[PDB]
Amino acid sequence: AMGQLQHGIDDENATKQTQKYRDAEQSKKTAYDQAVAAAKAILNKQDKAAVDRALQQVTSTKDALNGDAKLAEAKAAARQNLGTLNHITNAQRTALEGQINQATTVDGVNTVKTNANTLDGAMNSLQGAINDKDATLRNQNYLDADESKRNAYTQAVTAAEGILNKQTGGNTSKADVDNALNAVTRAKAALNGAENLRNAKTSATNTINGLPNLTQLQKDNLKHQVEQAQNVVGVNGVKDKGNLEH
Amino acid sequence: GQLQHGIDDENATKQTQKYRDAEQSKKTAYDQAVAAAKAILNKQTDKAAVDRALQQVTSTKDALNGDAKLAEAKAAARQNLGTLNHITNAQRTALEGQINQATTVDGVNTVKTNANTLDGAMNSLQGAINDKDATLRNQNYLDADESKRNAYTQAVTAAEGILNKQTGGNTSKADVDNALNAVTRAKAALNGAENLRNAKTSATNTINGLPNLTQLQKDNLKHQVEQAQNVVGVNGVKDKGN
């Protein structure tokens, strides 16, 4: 079998380039490597039985390489983990599931498992950023916010909801999810209804105080009405009432 | 003013390990707190909202737990290190030092990975000399060239010195492998078997030609030659030629 042994030696580099070897357990990779080295030495010496024992060991350690078995295990682990991500959309899930099935190395799988958790984490964040959507919309801070600001917020959440919908949401990327998240955060933190009301009450109060058609107590009444107003239009309604008073 | 400080201090915060190794949620919570802070600042012409925003940048920042993550990785690494049984006390001590010096979570995990692969190489090296006694008392070794026997004995002894948990030094993974390759190559190099066959053939030829015996008195000495079990044996029958 002299030739078979030479074959085992020739196939070393090739075998070492394979995933079966690459991801095999260290000890198995080493045993194979040591068998090849042993074979070379034995082949050099030329106890024909020595050549066969050498061949047997190269063939045995090689078959023992279990990188492929380790790949199946890794993929199994990834699929198990993927199913625990409650925030990614179906489209995102199938893409990940696909990348898991398409992965050729243990490192690739884990990398896919890593991106899946990151993406889910981001989706979770985007979901949290808009969990107070309805409440924010009914609040005076949103309602009396500059129209451009109110529109920016409604838009942000709209986009967010589209990305979030598990049934129709596409395979949005991590970068876009983050872009969507920032959109909601900054748009919401921009709502200035609270500030518009404070300024509204100030200008309305100062304007009333300076009106020529009002007695002082009439100004007090109106000023108090401004004080109790809960929103901008409420304030301006009082101011107008003051301008028509005679 | 206090809020802009917390904002202009975001990057000097993202460089730190406490941020980089913090949980994803903790990191984003911080980034978004800053994003909001800027916007909340832009809507000013509600100073409380400026405090609330301040409180959030500070709260989220202090929440960053990259430092705890590191301490966790270290504990894990040390725990795993204590489960290895083949690295030498010297290597173990060196590994512990590496765990202490590490400054990032990935740095710690790399030490754990190296520790395990080292322990593996060590175990493989041990397995390489398990058949030492058997080899030493075998004809393939005994009749092997002087230089080849030395190579195997040098490689084995060197390996045993590397393997002793109590006396072995802090041998690197690569050096463990070289030592391993030396034993394997040296043992496979033993040519006592070849020397014997070379001697039988050499003796047989000498036989076939020595002028003072008989096709009949030495067709059988050749037989004795072929039946010898070692080099001295072949040599033993040979002088039965002069």
- Message: Pairs needed: first member in the range B:3-27, within 26 Å of B:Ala102 (Cα to Cα); second member anywhere, of a type in the set (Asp, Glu) and surrounded by 15 or more Cβ atoms within 10 Å (Cβ to Cβ); C-beta distance under 9 Å; at least 6 residues apart or different chains.
- Response: B:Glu10/B:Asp31; B:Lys14/B:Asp31
- Item | Among the candidates B:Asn85, B:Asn130, B:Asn100, residue that is loosely packed, with under 13 Cβ neighbours inside 10 Å, assigned by CATH to the domain that holds B:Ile7 and not in a helix (DSSP H, G or I) | B:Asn85
- Among the residues of the range B:11-47, write down those that are within 14 Å of chain A (Cβ to nearest Cβ), over 16 Å from A:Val184 (Cβ atoms), hydrophobic (A, V, I, L, M, F, W, C) and in a helix (DSSP H, G or I). B:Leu41
- Note on the structure: Here the residues within the range A:1-47 that are more than 44 Å from the chain's Cα centre (by Cα) and of a type in the set (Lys, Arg) are A:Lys40, A:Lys45
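So that you can scan it fast, the table gives a plain yes or no per residue for (1) in contact with a strand residue (DSSP E or B) (Cβ under 8 Å, 6 or more places away or on another chain); (2) surrounded by fewer than 19 Cβ atoms within 10 Å (Cβ to Cβ); (3) within 30 Å of B:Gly169 (Cα to Cα); (4) charged (D, E, K, R):
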{"position": "B:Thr13", "(1), (2), (3), (4)": "no, yes, no, no"}
{"position": "B:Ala22", "(1), (2), (3), (4)": "no, no, no, no"}
{"position": "B:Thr58", "(1), (2), (3), (4)": "no, yes, no, no"}
{"position": "B:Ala63", "(1), (2), (3), (4)": "no, yes, no, no"}
{"position": "B:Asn80", "(1), (2), (3), (4)": "no, yes, yes, no"}
{"position": "B:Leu95", "(1), (2), (3), (4)": "no, no, yes, no"}
- Query: Does at least one position in the range B:48-64 carry a residue that is over 23 Å from the mean Cα position of the chain (by Cα), among the acidic types (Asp, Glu), within 14 Å of chain A (Cβ to nearest Cβ) and part of a loop (DSSP other than H, G, I, E, B)?
  - Reply: no
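Assess whether A:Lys174 counts as being touching a helix residue (DSSP H, G or I) at 6+ places or on another chain (Cβ under 9 Å), of a type outside the set (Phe, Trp, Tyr) and either under 30 Å from A:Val112 (Cα atoms) or not assigned by CATH to the domain that holds A:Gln228 (or both).
Answer is yes for this residue.
When you check A:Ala135 against the structure, is it surrounded by fewer than 19 Cβ atoms within 10 Å (Cβ to Cβ) and under 30 Å from B:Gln44 (Cα atoms), yes or no?
Answer is yes for this residue.
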- Item | A:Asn231, sole failed condition from (1) in contact with a helix residue (DSSP H, G or I) (Cβ under 6 Å, 6 or more places away or on another chain); (2) within 30 Å of B:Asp31 (Cα to Cα) | (2)
- Yes or no: B:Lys148 closer than 19 Å to B:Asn114 by Cα, in contact with a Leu (Cβ under 7 Å, 6 or more places away or on another chain) and within 14 Å of another protein chain (Cβ to nearest Cβ)? no
- Cβ pairs under 9 Å, 6+ apart, first in the range A:185-198 and within 7 Å of chain B (Cβ to nearest Cβ) and surrounded by fewer than 22 Cβ atoms within 10 Å (Cβ to Cβ), second of a type in the set (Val, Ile, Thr) and part of a helix (DSSP H, G or I): A:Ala190/B:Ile40
- Query: Looking only at the range A:65-78, which residues are closer than 29 Å to A:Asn171 by Cβ and buried (at least 18 other Cβ atoms within 10 Å of the Cβ)?
  - Reply: A:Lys70, A:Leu71, A:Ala74, A:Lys75, A:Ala78
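With the structure loaded, tell me whether A:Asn231 is within 28 Å of B:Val50 (Cα to Cα) and surrounded by 15 or more Cβ atoms within 10 Å (Cβ to Cβ) or whether it fails that test.
For A:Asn231, the condition - within 28 Å of B:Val50 (Cα to Cα) and surrounded by 15 or more Cβ atoms within 10 Å (Cβ to Cβ) - is met.
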- Query: What number of residues in the range B:65-79 are closer than 16 Å to B:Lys27 by Cβ and either within 14 Å of chain A (Cβ to nearest Cβ) or assigned to a helix (DSSP H, G or I) (or both)?
  - Reply: 5
- within 30 Å of B:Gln17 (Cβ to Cβ), in contact with a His (Cβ under 7 Å, 6 or more places away or on another chain) and part of a helix (DSSP H, G or I): does that describe B:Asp119? yes
- Task: Among the residues of the range A:133-153, write down those that are assigned to a helix (DSSP H, G or I), of a type outside the set (A, V, I, L, M, F, W, C) and over 29 Å from A:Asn86 (Cβ atoms).
- Result: A:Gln140, A:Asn141, A:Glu147, A:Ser148, A:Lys149, A:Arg150, A:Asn151
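The values are calculated or read from the model by the stated rules, or taken from the named source; these are not laboratory values. Don't worry about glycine lacking a Cβ; one is built from the backbone with ideal geometry, like all the others, and counts go over all protein chains shown.
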